[PDB]
Amino acid sequence: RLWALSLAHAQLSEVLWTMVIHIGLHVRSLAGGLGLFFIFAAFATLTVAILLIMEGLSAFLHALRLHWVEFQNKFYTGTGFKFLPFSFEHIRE
Amino acid sequence: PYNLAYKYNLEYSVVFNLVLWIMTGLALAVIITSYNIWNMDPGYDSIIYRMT
Amino acid sequence: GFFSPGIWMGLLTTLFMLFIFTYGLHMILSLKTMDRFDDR
Amino acid sequence: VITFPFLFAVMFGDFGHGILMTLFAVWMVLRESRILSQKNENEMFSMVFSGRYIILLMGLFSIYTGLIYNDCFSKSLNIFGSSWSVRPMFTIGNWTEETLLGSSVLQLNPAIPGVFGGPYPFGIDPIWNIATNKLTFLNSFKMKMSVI
Amino acid sequence: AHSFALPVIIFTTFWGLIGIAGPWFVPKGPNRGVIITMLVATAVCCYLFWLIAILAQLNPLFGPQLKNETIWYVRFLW
Amino acid sequence: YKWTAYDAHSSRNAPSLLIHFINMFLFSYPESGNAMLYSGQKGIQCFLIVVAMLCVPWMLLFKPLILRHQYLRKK
Amino acid sequence: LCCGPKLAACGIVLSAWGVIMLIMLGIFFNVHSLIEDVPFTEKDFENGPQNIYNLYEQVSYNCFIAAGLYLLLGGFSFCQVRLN
Amino acid sequence: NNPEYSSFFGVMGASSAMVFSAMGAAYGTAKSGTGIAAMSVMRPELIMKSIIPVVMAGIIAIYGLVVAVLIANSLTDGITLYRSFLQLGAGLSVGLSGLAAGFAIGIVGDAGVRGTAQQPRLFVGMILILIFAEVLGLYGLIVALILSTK
Amino acid sequence: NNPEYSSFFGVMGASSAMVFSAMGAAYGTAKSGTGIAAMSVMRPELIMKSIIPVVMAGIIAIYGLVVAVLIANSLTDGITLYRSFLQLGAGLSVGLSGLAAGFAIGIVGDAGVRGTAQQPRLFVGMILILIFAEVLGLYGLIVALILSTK
Amino acid sequence: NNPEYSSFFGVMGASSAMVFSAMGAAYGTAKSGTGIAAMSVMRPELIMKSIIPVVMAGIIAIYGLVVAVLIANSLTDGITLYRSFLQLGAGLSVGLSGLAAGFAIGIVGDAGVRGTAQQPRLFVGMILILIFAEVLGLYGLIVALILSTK
Amino acid sequence: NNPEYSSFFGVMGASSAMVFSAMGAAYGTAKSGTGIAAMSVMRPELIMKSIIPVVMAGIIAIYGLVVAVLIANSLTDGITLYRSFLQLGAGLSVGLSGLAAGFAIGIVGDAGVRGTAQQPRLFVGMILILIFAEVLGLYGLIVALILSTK
Amino acid sequence: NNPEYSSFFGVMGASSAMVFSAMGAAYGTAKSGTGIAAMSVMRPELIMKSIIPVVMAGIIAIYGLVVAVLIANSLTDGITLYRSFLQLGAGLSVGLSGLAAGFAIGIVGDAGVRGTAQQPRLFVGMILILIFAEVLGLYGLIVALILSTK
Amino acid sequence: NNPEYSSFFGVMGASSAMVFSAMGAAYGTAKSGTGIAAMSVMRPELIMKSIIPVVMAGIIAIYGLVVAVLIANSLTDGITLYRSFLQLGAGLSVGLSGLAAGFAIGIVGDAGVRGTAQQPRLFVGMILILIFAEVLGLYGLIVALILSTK
Amino acid sequence: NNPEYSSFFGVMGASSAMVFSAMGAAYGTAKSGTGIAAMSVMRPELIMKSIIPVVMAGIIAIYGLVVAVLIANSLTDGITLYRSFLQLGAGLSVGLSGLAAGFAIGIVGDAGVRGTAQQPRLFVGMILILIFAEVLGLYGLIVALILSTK
């Protein structure tokens, strides 16, 4: 999973770069400057939507899943009860 | 070069016949198995009536 | 060639008996049991 | 506290996103008093806020790992220490006017020509970020690293 | 050009002191146990990852495949 | 070991770690076709797998057997 | 115009991120006149390395232009949040 | 002088004779057992009599066994093809015939067992109709046997 | 002198025997298990008797294992093809016959087990009927054994 | 001397061993999961016992994984074809047999778990039935190993 | 000296891996999303936890990318055929195995998410079931990695 | 120098990319429009927000448009044949992967919008799940770009 | 020098373009007309505006008409084969892509018009969604035009 | 130098033009007549001005008749094949396009007449919609006319 997701992230990043922001560069001066503005904004938008959120979520979950499944199951066994003392916690509520 | 043939597999009919029907039967087995799984009936009961 | 007299004759007989198998199995698959028993 | 953010950073080893991820966590902490002492009916924002200290670390490690991966939005970071190969010596090694045929080919840079070598001080040598076979050199690393 | 020995010396000392000496210089507050745990776990996780990255690049079997224009550009750049 | 043991000078017929790993478990030691990582590896590969298999009885059944012993000794 | 402070605030973040990225990128093009190695070179490439330096200089200029637009965007979006 | 593949057709005859007959008997048994299970709850005294449809289904399987073995004991390496197709025909002849008979036994037996419990005077009629079904399977055997030596 | 690719048919036999027999036993097991879960929820005291259908299904699977192994141990590289067709026949004969037996076991098991709880006197009739299904599976084995050594 | 295309058979085997057994385990797990959800809402106290069908399902997939690796590690360019055919048959034997086992595990798990929700005494019978399905999967593994090393 | 169009099979491998993996992931996502949309109406507070089936399902598409690229990295003109079949098998192995896993994840996700809202104690059982379904996709990768590198 | 018909494969690639992606986008759009039309009766205020699923479909179609153009521009008459196959693989990879994405977008969009009408708090969850499906389609583009340029 | 039948693929392109595009428009027209008829009883006013989905369907057909003519005008007897394959691709690309668009137009128009009768504010949303489907049809035309002149 | 199989392609064009167009017109007529008969119960005064969908259907049949005659008159013995494929394309183009139109005419006619019965305002709308379907059929004729003379 560590490799599989690391590979995917790099590949999603590369294609988002290559197929979006590359287009913002041009041999025409003014057209390049103005276009790069709008193209980058789209690049920024996709960068967050695809990688910062979604893949970050996938990496979060899969890294956590490794913690629960492979690590804890070697020593962290059995169950107990949640400690729920009487206390004046609900002040903001 | 001299309109020579490319040696169209001696015993072609053997490899051909084998591969055709082997991959066809196996491909169908996958299709049918996939169909049966695709449409697995969860029962549509217990909690489904309330969630629907 | 694509087919030989041997291969072909085999396929021809195979299909006939395959159809027989299909027929038999078809009716076997479309075979149900009872939902409930009549009475005590 | 360390193990999980670390494993995340391995999965999310991208320097540029590590910055974004870190800054988000910092923002939440800096507004902690204003966000906490308020109503937040949207559980999605509350959830990430409650984990703001977990995210902070994930960002910090994502930067660390991204720099070793040498990937910042698919860009490498050349510190003027990239000495993988000495192209001038490439031409000496029986490569004369290869850029003529080069117009239609790649040509792989040989190992042990007697003039290449030396590890990159920190992370993957930037040169691989512009290669057509990155996808094998670095792919093997990540496979073996994941196992280790 | 680089040697492998020096990187190892510099980063092993850096992460070593953190994981070895760090715990010696810790407040006596209630978080002492947590701070020490983090100091050591961090140094081990970070050092190991880097050590893999650098060792994997020793004794390479092949070099990169570069495009012709890229090869030209580098010849006159580095 | 591979990273530090083999250079490009031995890239041809360079050992494949995945294949040796599988052959390790199966005690597969062909006369040729695969170079060994180091001399005596065959003995080491065989030993380690045997040990791993010998580890199974311990975790598999020796605990309940001793519990039965102590139970019947107490009884 | 107000447009909603939630959307003006997003513009501020996009504008700030953009100005940082565009300035840094333009510098990189100007210094390594490079990793990106995509300045849109000519196909009729002659034996003139100076032609590659000149291409990167053009790319760098374009980067700072885009940053200028983000500076203007951040200014406008900033005042919207303050007024909202 | 033996057309290769000559043995292939023959052995399929032995296979068909057994497999198709087993399919028929299996269906016949399944239907009969289902009808018996439903009937027997209310009138358990009829359980012993109700088994007959199942036995006949079994007989269908035997016809197939007889041909399948007869063919198997008739196989050699140097088969002249002529003999091979005769064995294939005999196999298919008893196979499909037994298969059809098994269906008749199952479907009729199911109705017969249920009807008999409601009206015992139907018991003999059930047996008569079922005998015909078996006679059909027999027919399949008789011709399949005759062909095996022609 | 031996035709090439001659081993293919015998190899398919060995696999066919195991797969079709497992399919039969699997169907019979699944159908019985459903009836058992539906039945024994009310009458758990029968839970240790309603298992038998399932055991018989397992026997269908063994028939297949015995032949599949018998075939595999009979294969070599230089097979005269004739032997391979014989191996294929033996494989299919037991495999597809066991498959038919599996349906007989399954349908009768479900119907019988649930019926038995409604009427305990049905138990013996259920077993006898299931016995015919096991016999149907065995007939396939008999032919397969005759062919596999022919 | 080696017929090109020969590797195609063995290669399809290594894949088939995993693909078909994976579909079986996938069915078993998916079918059991639905039954588990129904039980757990009615009573969560059994949530750690109704998981067993799923673990078993996984073991089936492993059976296939084992053969798929054994075949893959047995591939060569200069393949003698005979061994390639054995590898295809071995892969199919375990794959398709595990596939049958997967359906057997799923169907009985769902029925058993749903029944167990109402009758705790059903648990032991459910396990025994599940054992037969795991055994059905193993038989395939045994034959596949015999063929692949033959 | 290599056969013509030998890359044909390897190219289909790289594509098949991505195509079948997308099919699996898409199915898993579609079924999980349906359960979430129905579930979260009653308990919106679970809309965050309920995403897990969808996030995990995405791994199948990733596995497809990983193998599809790994194969693509090894596509050239002068392929010795042998290696091409290996690439085709690896592509199909991970793709069709990921497809099986996609089915497993989707079906259990729907039942799991709906059940969790009915009984939050189902969370742990849902996670365990999802894991085993994902493992099936992992097994596909394992075989592809061993085969594509042989 | 190469075989006539060498270009045929590449041509099918360019067409496959566009056609399958359009099929996916059309399906996603149709299902989204159906749910939206009904949603508008309860909550017309969501008519604007609920468009997003349809945009997602559109992007799938573009993925296909991009590759189809890249192939069409890259395809020549004197094609190397090797490259022709890669173009077909790239075309199918993006097209069929986008097609799968299309179904996920449609099913999730419809279920999400319908659930949102009942509970507006589900809107954010719908968007997140949709992001995964759109990325799954992009996975197809990534592989296609790797293949078509190799 | 090229095969006398090389012109076959091109003319199939011109035909396919028109046939599939007309089929798409025909489906979209039929679906819209059904919804419109029902809406018209509910309220006269919207009859006039409700025609638009049908017009869009017509445009899909024109897309195809344009390519079919372009191919027919360019198709000759002494065709270059390469160009012929391109024409087949261009024909299928626009035809099948328009066909997909026709379904989107049909389903969305039907649901949209029926909904709009209840909520007039939906009308604008309906048009916007139908716009995406028309754009999907255009995409097919774009690729077909590139291939036609390439 | 003319290939004989060339006349077959040609004559199949003339046949296709007539046969598929008659199928379309027949379908449109069958559906329109059914709707008219039901309509006549309540609104007999509309019977004569409800025949139009049927006339339009007939026009589709004519589209085909005209092309079939034009090809039939063009058929000769020494056909250069190129012309034969143009005749085949022209035949299919008009026939299958008319077939698609027949469905639109039929479905719209049925729904339109039934609606008109209750909402007389639908009549202009029914005609506008059906005009589009006739235009779709004409498109087929246009291409056929271009091809048949090329």
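Method information in the entry identifies cryo-EM as the source of the structure, with 3.9 Å recorded as the resolution.

(A) The arrangement of the overall build of chain A in detail. Helix and strand content of chain A: two helices and zero strands. Scaling as 2.2 N^0.38, a compact globule of 93 residues should have a C-alpha radius of gyration of about 12 Å, whereas chain A reaches 23 Å, well beyond that. With the principal axes as the frame, chain A shows a C-alpha extent of 70 × 40 × 10 Å. Across the 93 residues of chain A, 47% fall into the buried class.

(B) A look at the packing of aromatic side chains. Across all of its chains, the model carries 77 aromatic pairs over all chains by this definition. On the basis of an interplanar angle of 40° and a centroid distance of 4.4 Å, the ring pair of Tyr27(I) and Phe103(I) is categorised as tilted. Taken together, the residues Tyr27(I) in helix α1 (residues 7–40) and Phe103(I) in helix α3 (residues 82–118) connect sequence positions 76 residues apart. You can call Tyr27(I) partly exposed: its relative accessible area is 24%. For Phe103(I), a relative accessible area of 8% translates into the label buried. Positioned above the aromatic ring of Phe123(H) is the side chain of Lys49(H), whose terminal nitrogen or guanidinium carbon lies 5.6 Å from the ring centre.

(C) Structural detail: the arrangement of the chains. There are 25 pairs of chains in contact here, and the one with the most contacts is chains D and E. As for chain G relative to chain F, no contact occurs, and the smallest C-alpha gap between them is 26 Å. As for chain L relative to chain C, no contact occurs, and the smallest C-alpha gap between them is 21 Å.

(D) Quick look at the interface of chain E and chain D. Contacts between the two partners involve 36 residues from chain E and, on the opposite side, 43 residues from chain D. Of all the elements in the fold, those that place two or more residues in the side of chain E that touches chain D are α1 (5–20), α2 (32–55) and α3 (68–75) of chain E. The element contributing the most residues to the side of chain E that touches chain D is α2(E), with eleven residues. A per-class count over the side of chain E that touches chain D returns 26 nonpolar, eight polar and two charged.

(E) Up close: the pattern of salt bridges. Residue and element names in this part refer to chain I. Overall, the coordinates contain 21 salt bridges over all chains when judged by the stated rule. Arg114 is the partner of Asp110 in a salt bridge, and the nearest nitrogen-oxygen pair spans 2.8 Å. With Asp110 and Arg114 both in helix α3 and four residues apart, this pair spans about one turn of that helix. Under the relative-accessibility criterion, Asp110 is labelled buried at 5%. You can call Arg114 buried: its relative accessible area is 15%.

(F) View of the UniProt feature "transmembrane region" in chain H. Residues and elements named next belong to chain H. Under the local residue numbering, the UniProt record ascribes the feature "transmembrane region" to residues 6–28, 51–71, 88–109 and 127–147. Along residues 51–71, the helical share is 95% and the strand share 0%, with 31 Å between the first and last C-alpha atoms. This span, residues 127–147, is 100% helix and 0% strand, and a straight line between its end C-alpha atoms measures 30 Å.

(G) Structural detail: the environment of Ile79(N). Residues and elements named next belong to chain N. For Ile79, the position within the fold is in the loop between α2 (52–74) and α3 (82–118). For the pair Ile79 and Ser50, spaced 29 residues apart in the sequence, the C-alpha separation amounts to 46 Å. Not counting residues up to four positions away in its chain, the partners in contact with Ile79 are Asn2, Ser6, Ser7 and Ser84.

(H) Focus on the nonpolar core. Within the largest apolar cluster, 485 residues are counted, with the highest numbers of intra-cluster contacts made by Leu12(A), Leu147(I), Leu65(K) and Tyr139(L). Apart from residues lying up to four places away in sequence, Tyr139(L) is in contact with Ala8(A), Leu12(A), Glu55(A), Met18(K), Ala61(K), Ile62(K) and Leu65(K). Counting residues in hydrophobic clusters, the runner-up holds ten residues, among them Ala131(D), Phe141(D), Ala56(E) and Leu66(E).

(I) Focus on helix α2 (residues 52–72) of chain K. With 21 residues, α2(K) extends 31 Å from end C-alpha to end C-alpha; this agrees with the ideal 30 Å at 1.5 Å per step. By the criterion of burial, α2(K) is predominantly enclosed, with 21 of the 21 residues buried.

(J) Inspection of the environment of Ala101(I) at higher detail. Mapped onto the fold, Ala101(I) is located in helix α3. Looking at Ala101(I), the relative accessible area reads 1%, which means it is buried. Along the primary structure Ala101(I) and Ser15(I) are separated by 86 residues, whereas in three dimensions their C-alpha atoms are 18 Å apart. In contact with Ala101(I), other than residues within four places in its own chain, are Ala26(H), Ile60(I), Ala133(I), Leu136(I) and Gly137(I).

(K) How the structure looks around the packing of α1(I) against helix α2 (residues 52–72) of chain I. Residues and elements named next belong to chain I. Across the interface, α1 lies against α2 with an axial gap of 8 Å and an inter-helix angle of 175°. Between α1 and α2, the angle is such that the two are roughly antiparallel. Residues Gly10, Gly13, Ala14, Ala17, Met18, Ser21, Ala25, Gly28, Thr29, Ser32 and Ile36 of α1 lie in contact with α2, whose contacting residues are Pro53, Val54, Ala57, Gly58, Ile60, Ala61, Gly64, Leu65, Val67, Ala68, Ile71 and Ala72. Partitioning the contact of α1 with α2 into residue classes produces 15 nonpolar, eight polar and no charged.

(L) Molecular detail of unusual backbone geometry. Even without a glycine there, the phi angle at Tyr5(H) is positive, about 90°. Within the fold, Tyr5(H) resides in the segment before α1 (6–40). Phi is positive for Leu81(K), which is not a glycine, with a value near 75°. Here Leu81(K) shows up in the loop between α2 and α3 (82–118). Using a relative accessible area of 3% as the deciding quantity, one classes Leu81(K) as buried.

(M) Looking closely at the environment of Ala30(H). Among the structural elements, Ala30(H) can be located in helix α1. What makes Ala30(H) buried here is its relative accessible area of 1%. Placed 80 residues apart in sequence, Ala30(H) and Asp110(H) show a C-alpha to C-alpha distance of 9.3 Å. For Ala30(H), the residues in contact, after removing those within four places along its chain, are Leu31(C), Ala104(I), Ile107(I) and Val108(I).

(N) Inspection of a nonpolar patch on the surface at higher detail. On the surface, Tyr6(B), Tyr8(B), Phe2(C), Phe3(C), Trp8(C), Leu12(C), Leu15(C), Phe16(C), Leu18(C) and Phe19(C) cluster together to form a nonpolar patch covering roughly 1100 Å² of accessible area. Owing to a relative accessible area of 43%, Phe2(C) belongs among the partly exposed residues under this scheme.

(O) Just the interface of chain A and chain L, in detail. Each side of the interface is counted separately: chain A has twelve residues, and chain L has eleven residues. For the pair chain A and chain L, the summed buried surface comes to about 910 Å²; carbon and sulfur atoms form 88% of the total. The largest share of the area that chain A buries against chain L comes from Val15(A), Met19(A) and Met54(A), three residues that together contribute 44% of it. Connecting chain A to chain L are one residue pair in polar contact. When contributions to the side of chain A that touches chain L are tallied by element, the ones reaching two or more residues are α1 (2–18) and α2 (29–71) of chain A. Per-element accounting of the side of chain A that touches chain L gives the leading share, seven residues, to α2(A).

(P) Fine view of the side chain of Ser7(M). Within the secondary structure, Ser7(M) sits in helix α1 (residues 7–42). Judged by its relative accessible area of 1%, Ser7(M) is buried. Ignoring sequence-local partners within four residues, the contact set of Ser7(M) consists of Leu75(M), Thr76(M), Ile79(M), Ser84(M), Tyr82(N) and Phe85(N).

(Q) Quick peek at the packing of helix α2 (residues 52–72) of chain H against helix α4 (residues 123–148) of chain I. The geometry of α2(H) relative to α4(I) is characterised by a closest axis approach of 10 Å and an angle of 5° between their N-to-C directions. By the angle class used here, α2(H) and α4(I) are roughly parallel. Contacts from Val54(H), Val55(H), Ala61(H), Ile62(H), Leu65(H), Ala68(H), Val69(H) and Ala72(H) of α2(H) reach α4(I) at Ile129(I), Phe132(I), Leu136(I), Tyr139(I), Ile142(I), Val143(I), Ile146(I) and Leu147(I). Classifying every residue of the contact of α2(H) with α4(I) by side-chain character gives 16 nonpolar, no polar and no charged.

(R) Region of interest: α2(E). Between its terminal C-alpha atoms α2(E) stretches 34 Å, which fits the 34 Å expected from 24 residues at 1.5 Å a residue. Residues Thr42(E), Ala43(E), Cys45(E), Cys46(E), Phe49(E), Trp50(E), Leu51(E), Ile52(E), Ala53(E) and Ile54(E) constitute the buried set of α2(E). Considering only its buried residues, α2(E) is in contact with α1 (3–11), α5 (52–69) and α8 (134–147) of chain D, α1 of chain E together with α1 (2–5) of chain F.

About the cut-offs
Residues numbered from 1 in each chain as written, not as in the entry; some residues may be left out. Chains lettered and ligands numbered in written order. Part of a larger assembly, values for the part shown. Heavy atoms only, no water. Residues with missing side-chain atoms left out of burial classes, pairs and counts. Helix = DSSP H or I, 4+ residues; strand = E, 2+ residues; numbered from the N terminus. Rg over C-alpha atoms; globule rule 2.2 N^0.38 Å. Buried < 20%, exposed > 50% of the residue type's maximum accessible area, 1.4 Å probe, protein only. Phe/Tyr/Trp six-rings, centres within 6.5 Å; stacked < 30°, edge-to-face > 60°. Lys NZ or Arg CZ within 6 Å of the ring centre and 35° of its normal. Contact = heavy atoms within 4.5 Å. Nonpolar A, V, L, I, M, F, W, Y, C, P; charged D, E, K, R; others polar. Salt bridge = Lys/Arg side-chain N within 4 Å of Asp/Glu carboxyl O. UniProt positions renumbered as here; feature names shortened; annotations may be inferred. Core = buried A, V, L, I, M, F, W, Y, C linked by side-chain atoms within 4.5 Å. Expected span 1.5 Å × (residues − 1). Axes fitted to C-alpha atoms, helices over the stretch in contact; angles between N-to-C directions. Parallel < 35°, antiparallel > 145°, perpendicular 65-115°, else oblique. Patch = residues over 30% accessible without salt bridge, like charges linked within 9 Å, V, L, I, M, F, W, Y side chains within 5 Å. Areas by Shrake-Rupley, 256 points an atom, 1.4 Å probe, with all protein chains shown as cover. Buried area = accessible area lost by both parts, 1.4 Å probe. Polar contact = N/O pair within 3.5 Å; in protein donor to acceptor, adjacent residues only side chain to side chain.

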